[PDB]
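Asker: Start counting the sequence shown at 1316; every next residue gets the next number (the numbering used here). Yeah, the Cβ is synthetic: ideal placement off N, Cα and C, and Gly gets one too.
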Amino acid sequence: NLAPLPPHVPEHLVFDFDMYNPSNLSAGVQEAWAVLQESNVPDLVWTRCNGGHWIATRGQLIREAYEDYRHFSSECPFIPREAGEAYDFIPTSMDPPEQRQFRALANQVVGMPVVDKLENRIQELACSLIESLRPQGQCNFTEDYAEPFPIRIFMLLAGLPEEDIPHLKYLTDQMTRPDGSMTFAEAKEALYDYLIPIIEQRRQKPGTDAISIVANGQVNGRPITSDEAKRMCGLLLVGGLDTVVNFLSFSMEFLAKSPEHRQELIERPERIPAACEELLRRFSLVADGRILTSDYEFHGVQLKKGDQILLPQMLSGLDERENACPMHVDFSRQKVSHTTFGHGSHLXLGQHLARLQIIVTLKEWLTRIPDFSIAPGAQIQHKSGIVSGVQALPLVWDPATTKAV
Ligand code: HEM
Ligand SMILES: CC1(C)[C@@H]2CC[C@@]1(C)C(=O)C2
Ligand SMILES: [K+]
């Protein structure tokens, strides 16, 4: 239900948006969140859902809050409070000064030099999967590509067996879009239960994989601890298993529904990177937040120490104050403004990997299957959370229109 309204919150600021089951979900997730930017809604609102918390609804406030880590701490970055309290991943649960030293280590395993080394295998995997689907004239895109394409690459990078994917994917999903079977704390402890023996093993006998690299790594010139390594490796798993996996499906749902936009990319494939950026804006999908370190008056609103504030990364690029006609996809948009990969000191460090995976998927798919549609009669369902997603995406095409390459 709705948590009782705290005394310090004026009733005129109440807007009971449920980030885990938003009212207008049937219209699309981004559409469902964009209700927070309707004409009657203030820049900063209180929702009584999910224990009660603030929501910044506009790009300007979201950006300002991500910059001000002194007032807006990452210590408790998830809603609901019990999830944010249990959340201890590194670097995300940390503020400067201590946070930054951990970013360099994470960059060693998923940063640009690593992405370069993996790029041929990434390309190869996309081609392999797509060629196998091509003659079928149909797929369940979420499970036939959106999942295995990013996840098998992450498993390879981390040196984990592919048979472990269903278990790990289940756990990650419970931390971002819980189905009610597990609390965040339970899913976290299970993920750590998995990692503990692996980290011990790889500190004793290091390999070349990501976990070995992190577990035996150094931070600001001193050895990382087993526990710090566990808390970082957990985060890396969530990133590899539950980000681009969802994003690809939003993109592909859009392309199937939009023949005019596909054709643009078939006629002019060099536009694909710009298209990637515009889609990252339009189908932005992350929303986490921060906790107030002290009482603070922010844009005329009295925020109280300990208050949680959702700062939906998703909303910045959908904000008409940041981009004209924001629900329209324009691959030639001149200034594509978004905070899809975050803002401030916690900027996504997986973004080279993410962009490569998106760009590769678009290029390799459109080359082989230029003409495809949503299965006739299908209604695409979505699920909202910390990272939002597509429940299923049945696609169809005429094999005669495809090219084996
Ligand atoms: C479309 C794909 C992705 C999106 C939209 C995305 C989004 C984000 C966002 C919004 C943040 C900031 C969180 C915050 O400020 O609290 C973040 C941080 C982070 N992301 Fe990504 N991400 C994506 C892919 C990836 C991938 C593939 C990885 C690979 C491991 C990854 C690893 C990380 C890490 C390690 C951080 C923490 C940085 C820090 O706290 O200093 N992300 N990401
Ligand atoms: C918000 C994120 C996308 C970012 C990387 C994975 C994620 C769910 C986190 O816990 C930090
Ligand atoms: K915490």
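1. As a quick exercise: from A1707, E1679, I1701, pick the residue whose alpha carbon is nearest that of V1720.
2. Taking 7 Å as the cut-off, does the CB of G1621 come closer than this to any heavy atom belonging to ligand 3?
3. Give a single yes or no on whether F1499 has its beta carbon closer than 7 Å to a heavy atom of ligand 1.
4. Between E1637, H1643, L1633, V1601, which lies nearest to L1625 when the distance is taken from Cα to Cα?
5. So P1627 and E1635 are supposed to be a Cβ contact under 8 Å. How far apart are they, rounded?
6. So is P1337 buried or exposed if we call it buried at 16+ other beta carbons inside 10 Å?
7. Measuring straight from C-alpha to C-alpha, what distance separates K1545 and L1633?
8. Quick check: is any heavy atom of ligand 1 less than 7 Å from the C-beta of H1661?
9. What residue from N1355, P1325, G1367, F1687 has the CA that sits closest to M1334's CA?
10. Quick test of your reading: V1711 and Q1453, contact by CB under 8 Å. State the CB separation rounded to the nearest angstrom.
11. What did DSSP end up calling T1608 once you bin it into helix, strand or coil?
12. Quick check on the contact list: which residues have their beta carbon closer than 5 Å to a heavy atom of ligand 5?
13. With H, G and I counted as helix, E and B as strand and the rest as coil, what does DSSP make of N1455?
14. In chain order, which continuous runs of the alpha helix (DSSP H) of length 4 or greater are located wholly inside the stretch 1393 to 1464?
15. Within the same chain, show all residues whose beta-carbon is closer than 6 Å to that of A1693, passing over the 5 residues directly before and after it, in chain order.
16. With respect to the beta strand (DSSP E) encompassing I1684, which residues constitute its N-terminal and C-terminal limits?
17. Can you tell me which of the three DSSP states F1332 falls into?
18. Grouping DSSP H, G and I as helix and E and B as strand, with all else coil, what is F1569?
19. Could you say if the stretch 1612 to 1625 and the stretch 1661 to 1675 meet the contact criterion of at least three C-beta pairs nearer than 8 Å?
20. Does the stretch 1553 to 1570 come into contact with the stretch 1439 to 1453, if we say contact requires no fewer than three beta-carbon pairs (one atom in each stretch) closer than 8 Å?
21. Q1578 lies in the alpha helix (DSSP H); which residues open and close that run?
22. Touching or not, the stretch 1353 to 1362 and the stretch 1382 to 1392, by the rule of three or more beta carbon pairs under 8 Å?
23. Quick check on DSSP: helix, strand or coil for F1469?
24. Taking 8 Å as the threshold (C-beta atoms), are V1529 and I1513 in contact?
Answerer: Checking against the coordinates, here is how it stands:
1. By one-based count along the sequence shown, residue 1720 stands at place 405. Residue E1679 is the option with its Cα nearest to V1720.
2. Your numbering for residue 1621 matches position 306 in the sequence shown. Every heavy atom of ligand 3 is 7 Å or more from the Cβ of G1621, so no.
3. Mapped onto the sequence shown, residue 1499 falls at position 184. No, since every heavy atom of ligand 1 falls outside the 7 Å radius drawn around the Cβ of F1499.
4. As a first step, residue 1625 must be located in the sequence shown, where it is residue number 310. Checked all of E1637, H1643, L1633, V1601; the closest Cα to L1625 is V1601.
5. Counted from its first residue, the sequence shown places residue 1627 at position 312. Counted from its first residue, the sequence shown places residue 1635 at position 320. In fact, because the Cβ distance is near 15 Å, the residues do not count as touching under 8 Å.
6. By one-based count along the sequence shown, residue 1337 stands at place 22. It is buried - the Cβ of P1337 has at least 16 other Cβ atoms within 10 Å.
7. Start at 1 with the first residue of the sequence shown, and residue 1545 comes out as number 230. Start at 1 with the first residue of the sequence shown, and residue 1633 comes out as number 318. Rounded to whole angstroms, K1545 to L1633 spans 35 Å at the Cα level.
8. As a working mapping, residue 1661 is identified with position 346 in the sequence shown. Answer for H1661: yes, Cβ within range of ligand 1.
9. Numbered from its first residue, the sequence shown carries residue 1334 at position 19. Ranking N1355, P1325, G1367, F1687 by Cα distance to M1334 puts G1367 first.
10. Taking the first residue of the sequence shown as position 1, residue 1711 is located at position 396. Taking the first residue of the sequence shown as position 1, residue 1453 is located at position 138. About 5 Å; that satisfies the 8 Å criterion.
11. Here residue 1608 corresponds to residue number 293 of the sequence shown, with the count starting at 1. Here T1608 sits in coil by DSSP.
12. With respect to small molecules bound, the structure shown includes ligand 1, ligand 2 and ligand 3 and not ligand 5.
13. Counting from one through the sequence shown, the residue named residue 1455 turns up at place 140. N1455 falls in the strand class under three-state DSSP.
14. Fully enclosed alpha helix (DSSP H) runs of 4 or longer: 1396 to 1401, 1415 to 1425, 1427 to 1448.
15. Walking along the sequence shown from the start, residue 1693 turns up at place 378. Here the set comprises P1709.
16. Locating residue 1684 in the sequence shown gives position 369, where the first residue counts as 1. Run containing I1684: none; DSSP gives neither H nor E here.
17. For this step, residue 1332 is matched to residue 17 along the sequence shown. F1332 falls in the coil class under three-state DSSP.
18. Within the sequence shown, numbered from 1, the residue matching residue 1569 stands at position 254. It is helical.
19. no
20. no
21. Counting from 1 along the sequence shown, the entry for residue 1578 is found at position 263. That run of the alpha helix (DSSP H) goes 1574 to 1582.
22. no
23. The count along the sequence shown starts at 1 and reaches residue 1469 at position 154. Looking at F1469 - three-state DSSP - the assignment turns out to be helix.
24. By 1-based counting over the sequence shown, the position of residue 1513 is 198. By 1-based counting over the sequence shown, the position of residue 1529 is 214. Not in contact: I1513 and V1529 (Cβ atoms no closer than 8 Å).
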